[PDB]
């Protein structure tokens, strides 16, 4: 029987608490023996039994105060112990097999090392325990292993004991003084190179930093170490927070499902977010390592010192920590580029999730498998909700709320409501209506109409809002939407906002279904910038003219507004030509639209970081969100045709800007990164010029590149334009990098996203490639996931071959690695967005998976919602 769902309104405090736990591991890959001594305290009724969670455990013994216990019974996923006193010592001994753990949750094998992953509910795969985040205990961990095979034995906290044994075994004991929920426990055993450094806090605490990597990779760790130090200094300056322990350890592992994990004092990272060298890593990799390193470090306060009362409160730490890593990257790098890409993700990927059968509020109300809810909504929309609080309060009040949040809840497990109340009490801003953002799903739609009265010199905005019903909620109500505006006159000068002789704040409080806002002393009919900086996560409906948008592309004060205006301009003609493609007609584009992008290329006063993003066309997933019914083949071909048209009309300007931004020296510095993004944005268009010219330029950049950023941009362009040099370049890349999995991932992504007519045939053949393996999540997502998620034109082939391919892959991964399978099934859940003939084939595919033997709960939850 598949699992029953759990509901947020059923939360009840635990009948039993555990205050301290002493763990002993006798490590072995085939068999590990765990001994756990816990000090327990009963808070519930005297006749309530102790219910411990446990999965795939071989129980060996159960003692209460050293007495072998007889009043216990094992049930599905639990050990139930009865007739207990109010205080006692529980001792459990059980066995596990890390070598058989292909799901990568609990204690498992990563190559030759042993490591753990315990969030959300993985610790119960190690021993019987109260595997819930509102139980906080002080841990002490003793590890015993073969010295030659496992010379390094790591756990949370500080080393407090160590010894050697006979038969070549040794041991180390660790102690972590901060109580924690078990999902923050970590253990690592293996042989590593160690990069060691130090960081001194502003108050004088010296912290030892230790980065563990595979033998031979010390020259790939310096940037990660630098990013850690940068994270520690920034948190002090911006939030006034210092690290609270003596050591900070990071371990890079090749086999990892969840990107990275914030285990107290012992983070475990996917190698993709640690290792970097200029010849193997791109600018995006460097900046991703920075953001992930920061994200995990910032969890030390927003997550660890204050954790979650229950898993429905996940956004309490993830939304706030994402917001923190966004501010970190924005302060240190380009704020405009960070915001633009964060908005592309919201519009392009999160809106669709909110328009799917899996839609949920940032604080879910119902969950079957908690691992299915580490989502764009909980993370990305969660951060937008935090940012809206920052917008309503301001930086000063916002930090006051942070400090009150920590004062009240440091050392406990809190809820989302606790956080909002702290911000409300500290700032004196009423957030009662704002709380609805936590409980209501779906994307609000904000409609705006304006009117200028020359007689009275008044400008009136009539703003309405509505949220369409979602599969999970039939009731929707208006929200508190912060709506930021700016009014520009005929010269591009900002018009002061005022009413009745008093200034009016530029952040409007849109709180009702319909409302009017009147402004005085509007001397000239203005051009509005609406929803500035994406001030709320909503869809905007305003009948722009092409001239208003090109005006904003020229005169808007904030760089984000200039990019946003260009997106609105493109959207109108993306929709035009998709309709034309469906009727067999070629692309049509007014002359004045191409000229607006010509002016961007030739504007010497525009930040090249911004110009590069305006010259980056929306992705196929961003384009899909513009349509009621997705035609993935028309979207893909219209994107190419638009690229070809602009490449021909702007050929001369593109080549000039491309040559002007050449850089002989390669530096990982934001100004250098910006020029390089603008150069490679021009290269995308130039690849679609005359064949002989494009093939020479692309091949030249590939062979002369002194860094992987420029080499991969050329290789990507050769695949995208199907240039004659493609096959040769792709073979050289393979011949050179086939032994480096991280570098080959980029190669698989290009194969899976290729516009070639035989892409599926090539993808299937790559299942036997020397660098691919179904045992590594990174390889799976780079080839299979990129195909189903990032090549919808091929995944949605009219013959249904894409659906059948994915069914085969998921049949394997459902038994091997359900967590990775659940991420790969997401393209099938969106069937209702497509045409009826495609829906029929996709339902048939879901029905096949629905009838699998040993269907995991991960897929059962999604399949059930999809077929409803």
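Think of the rigid core as the biggest set of C-alphas that the two forms share within 1.5 Å after superposition. Residue numbers count along the first chain shown, from 1.
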Between 214 to 222 and 611 to 619, the one whose CA atoms sit farther away in 6 other deposited structures of this protein (rigid core aligned): 214 to 222
Between 293 to 301 and 766 to 774 (mean CA B-factor, as deposited), the higher: 766 to 774
Segment of higher mean CA temperature factor, 436 to 444 or 603 to 611: 603 to 611
Candidate set 779, 381, 555, 344 [ranked by C-alpha B-factor, highest]: 555
Residue of maximum C-alpha B factor among 401, 168, 618, 394, per deposited coordinates: 168
Third assignment of residue 103 from its chain's C-alpha B-factors: middle
Residue 801 - which third its CA temperature factor falls in, relative to the rest of the chain: middle
Record-listed C-alpha B factor of residue 852: chain third: highest
Chain third (lowest, middle, highest) by recorded CA B-factor, residue given as residue 32: lowest
Chain third (lowest, middle, highest) by recorded CA B-factor, residue given as residue 58: highest
